[PDB]
Amino acid sequence: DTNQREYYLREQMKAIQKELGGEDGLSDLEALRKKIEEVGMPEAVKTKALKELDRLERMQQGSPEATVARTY
Amino acid sequence: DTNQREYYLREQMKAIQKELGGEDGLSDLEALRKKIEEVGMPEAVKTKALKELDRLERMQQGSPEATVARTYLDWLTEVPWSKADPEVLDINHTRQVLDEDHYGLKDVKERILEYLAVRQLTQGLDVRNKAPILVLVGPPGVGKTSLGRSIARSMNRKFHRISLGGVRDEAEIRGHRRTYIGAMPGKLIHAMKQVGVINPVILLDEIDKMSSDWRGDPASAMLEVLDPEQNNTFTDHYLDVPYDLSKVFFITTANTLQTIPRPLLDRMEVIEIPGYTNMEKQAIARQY
Amino acid sequence: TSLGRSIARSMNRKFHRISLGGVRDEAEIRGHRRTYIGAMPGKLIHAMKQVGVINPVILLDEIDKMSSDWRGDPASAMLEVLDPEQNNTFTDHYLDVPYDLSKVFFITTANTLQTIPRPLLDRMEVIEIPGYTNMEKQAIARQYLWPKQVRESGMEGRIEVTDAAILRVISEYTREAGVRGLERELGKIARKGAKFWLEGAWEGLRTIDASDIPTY
Amino acid sequence: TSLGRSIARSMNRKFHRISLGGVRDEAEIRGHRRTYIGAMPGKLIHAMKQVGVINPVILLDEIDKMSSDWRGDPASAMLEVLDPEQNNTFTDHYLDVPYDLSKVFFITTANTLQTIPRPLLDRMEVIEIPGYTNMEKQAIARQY
Amino acid sequence: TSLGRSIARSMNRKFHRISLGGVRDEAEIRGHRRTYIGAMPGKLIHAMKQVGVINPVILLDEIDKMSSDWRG
Amino acid sequence: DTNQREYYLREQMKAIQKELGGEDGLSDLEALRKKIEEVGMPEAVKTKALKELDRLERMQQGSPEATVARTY
Ligand SMILES: Nc1ncnc2c1ncn2[C@@H]1O[C@H](COP(=O)(O)OP(=O)(O)O)[C@@H](O)[C@H]1O
């Protein structure tokens, strides 16, 4: 009973925080997508930018590599 | 209306994590919001600040990339902003303090007071912006850091000696990104916390000691601080906001000029401190 | 560098400086593996960041001091910063970015031309700048150096020097081929006047004679 | 060094130039082991990688100016690059495999022969290019 | 160095050549310990794996050009 | 079915080791709580240690971050 309560309250609060979030919260994903789509741009670096964006879309936090791909 | 409904939401998050922690369980956010209520700070700094307040309401234990938000907000909320000590630059009051905290050494005190007078008069264009920054050279055993203290208390500022001397890179003069395992501010930003004002002095020790490894040499981020046309434009990897370092005044000591990099040699004048005589040594030994 | 700036504002273009020669390590233009968060730790993409436009004017100080021989040679660490037939896509041969440099106007600054790697020397041509006579030093000190030093010291019309004083300073306080050492001496005279102002101010101007140069 | 480019263009093949002057280490002929950090192949595998074929024309400039101090001896690693019977199995230290350099057209230049070490001079065929008279200099300057 | 391959072809042995000119790394003879990242054994164990027989002919070529006194 | 079984094993074990480790609960945690107080450690580090202990008291044991906290 305590474990099931823990799981329900845990994802309840996380869903609350998601709802308290509009436009994906701050949502730097769409911010860097707009930072791509509004400048330049050549075509092979378009593919490189979109694959680095897709590497950023899968993992979100915990590894250094997510922020590495962000800065890169 | 949206405020009242988001007040519903924020109180809900409160009550739930209160149940989970066995204590408020969010005491940290209640402390840090009251910390943001402090003196200062500029609005882009707070806009960078408010993104990571609201990320630890997802996980509390760990992670190595979530506890860093707690450490980072605690480090950000304690730098001095807009706290000015009563300055005084008087050539008949600094002269008395220098002639009391030392013996002899007429010519170096005079050549310091000249620099102080031009520090005083130029309050219009190029307040020191083309005035060369001060360095003191000489053997060991002469009084050099004691002159740094004797100047620093003659302006009621804070003395806080920062020593490189054993550097491997310029990536320790500038801090490092908080999202790694290495989350450290500048040696200079730590050094900025240790004072109680926004305009102390910061002496630099043996600046003729440089690097050859961790590829590079720290003559590239060091000039970005020592140049008064650059220090207001200073940005660190840890805080990522521009922090003003223009109002502070720097003194530097080195032992030889012949291994200091040329972009730094072209920003400074030298006061060679000669060495003492036997009656000078006898007077220093009796007095101090 | 002042002549490079003169060329840059003559064309209504930007100016930016990249220093070299201090490379104790060999390959810092390179472009080696990821100690940097980015595919270029070299100076070139950072300088392309600091300039906002497509076509700057870039200087390179001391391309001839790449003689270190420490874990590699910095002289062997450059061919493709320039040379606009390969330069349409930039390369470091080990960690690079293909990026256009065919619109940037390059200048190069050296001291002694006998240290450049030989594939780099035969691509370039040379301008040689000799050295100044004492009448050239006196004219430069009147027309450019002394007004700038009395401006930035905050005196600007209450102290003056004569030509005899300039010639005495050049003959007895400098030994150099350039004008960098003369500028510090004129600055010392200005700051000496500043301390004498703040320790009891006079009226009008005071011209500094040839006798007072030891007094300053 | 211009005759190398004209030879490569005249035979419809690829050109690449390696400057051996001032090379002070043998770790840039053959590479390093891949267990170090750094750890890239030597200049020959870089050259063969730029070009996309197995028979280019490689120009090795100023082979009389390699050095032999504490820093090293790169002239001892050249002895297996330029060995005409044994360069069909060339191993550097980065790639552990034998690699075939028997199809490439090595052209080398120098100013004097007295500074090349004798076991390395023994592998190479010598062609002396004389120097010009004034009539030849007039003709070159008129039509080239 | 022609006699090396001629002798090994004559006695029906296997053959492998190790070129020692200019080698000045001790870890080319022995290896590194397996604690390090890209570590692997020296030239001798590698040659014995390539041959595949306990009994080869190894030609250690130009053994008087082994450089000294850099790492060892 | 196998992994839910192994979860059940570990939780029945957790109940029994509640019923023997301490009369009310893991008593070595209370021994740590006394021993932190007995040694004359300074006040900042005592606040640090009591915060770690209070966080540790809600972790499940046999966990790769329970052992780090208990070793610290
Ligand atoms: N008048 C004086 N001149 C020089 N040194 C003095 C004098 N009076 C006292 N001292 C002492 O001499 C010591 C010299 O040490 P320090 O100044 O640190 O040498 P350095 O700066 O060359 O490393 C100082 O600790 C200082 O307290």
Side-chain angles (χ1 to χ4, degrees), chain A residues 4-39 53-54 56-62 66-67 69-71, chain B residues 1-63 65-79 81-82 177-179 235 238-243:
Chain A
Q4 191 181 9
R5 181 179 183 178
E6 284 174 1
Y7 193 83
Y8 187 76
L9 292 173
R10 275 162 68 253
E11 281 298 324
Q12 185 185 7
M13 190 178 78
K14 293 179 179 179
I16 287 291
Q17 208 290 128
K18 195 276 308 171
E19 182 67 28
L20 229 174
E23 230 174 354
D24 335 326
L26 296 330
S27 68
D28 292 334
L29 194 151
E30 61 180 359
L32 271 71
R33 188 183 295 275
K34 294 185 294 294
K35 189 166 71 173
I36 291 170
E37 69 190 1
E38 294 167 356
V39 62
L53 181 61
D54 294 331
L56 195 148
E57 287 176 352
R58 305 282 75 77
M59 58 180 175
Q60 298 302 109
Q61 198 62 41
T67 62
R70 176 68 182 271
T71 56
Chain B
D1 288 334
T2 297
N3 285 316
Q4 293 176 2
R5 188 182 63 203
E6 291 186 355
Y7 181 75
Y8 277 107
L9 283 174
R10 289 159 189 167
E11 185 177 4
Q12 179 179 2
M13 189 191 287
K14 288 183 179 180
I16 298 164
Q17 182 58 41
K18 170 68 175 69
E19 177 184 2
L20 297 179
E23 51 114 356
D24 297 353
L26 208 54
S27 296
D28 54 353
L29 186 143
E30 292 178 353
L32 286 168
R33 289 182 298 173
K34 270 64 181 296
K35 290 181 184 177
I36 296 299
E37 300 293 327
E38 66 191 1
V39 66
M41 67 193 73
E43 183 64 31
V45 184
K46 287 189 287 185
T47 303
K48 295 292 293 299
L50 288 172
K51 64 182 182 295
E52 292 182 353
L53 180 68
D54 298 329
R55 293 179 182 177
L56 284 175
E57 58 185 358
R58 298 176 186 175
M59 73 289 288
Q60 292 83 16
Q61 192 275 331
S63 186
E65 294 183 354
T67 60
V68 294
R70 176 64 170 169
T71 69
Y72 174 69
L73 289 172
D74 291 331
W75 187 259
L76 189 145
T77 52
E78 58 189 2
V79 180
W81 288 278
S82 295
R177 299 285 291 162
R178 64 187 180 272
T179 186
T235 304
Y238 183 73
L239 297 178
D240 291 332
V241 295
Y243 188 75

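Lettering of chains follows the sequences in order, A, B, ..., and the numbering in each one begins at 1.
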Checklist entry - How would you list all residue pairs meeting salt bridge (charged side-chain N to carboxylate O under 4.0 Å, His left out) that involve residues 46-60 of chain B, not counting sequence neighbours? => result B:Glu43-B:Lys46, B:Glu52-B:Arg55, B:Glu52-B:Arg178

Pairs of donor and acceptor atoms involving the side chains of residues 8-20 of chain A, under 3.5 Å and at least two apart or interchain, shall be tabulated with distances.
none

Who passes side chain to side chain contact (heavy atoms under 4.5 Å, CB included) against [X], sequence neighbours left out?
X       : answer
B:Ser27 : B:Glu23, B:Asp24
B:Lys35 : B:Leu32, B:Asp74, B:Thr77
B:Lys34 : none

Checklist outcome for this item: B:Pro242 and B:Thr235 have their tightest heavy-atom pair at CA-OG1, 4.1 Å

Donor-acceptor pairs under 3.5 Å, side chain of residues 66-73 of chain B to any protein atom, not counting sequence neighbours: which ones?
unit_1  : atom_1 : unit_2   : atom_2 : d
B:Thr67 : OG1    : B:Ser63  : O      : 3.2
B:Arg70 : NH1    : B:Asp28  : O      : 3.4
B:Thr71 : OG1    : B:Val68  : O      : 2.8
B:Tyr72 : OH     : B:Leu239 : O      : 3.0

Checklist entry - Is the number of heavy atoms from other residues, nucleotides or ligands under 6.0 Å of A:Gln4 CD greater than 12? => result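 Atom CD in A:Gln4 is not packed in, count stays at 12 or less.
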
Checklist entry - Quick one: are B:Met41 and B:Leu76 in side-chain contact, heavy atoms under 4.5 Å? => result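 In contact.
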
Item to check | A:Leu53 CG to A:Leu29 CG distance, which is reported to the nearest 0.5 Å | outcome: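 A:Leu53 CG to A:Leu29 CG: 5.5 Å, rounded to 0.5 Å.
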
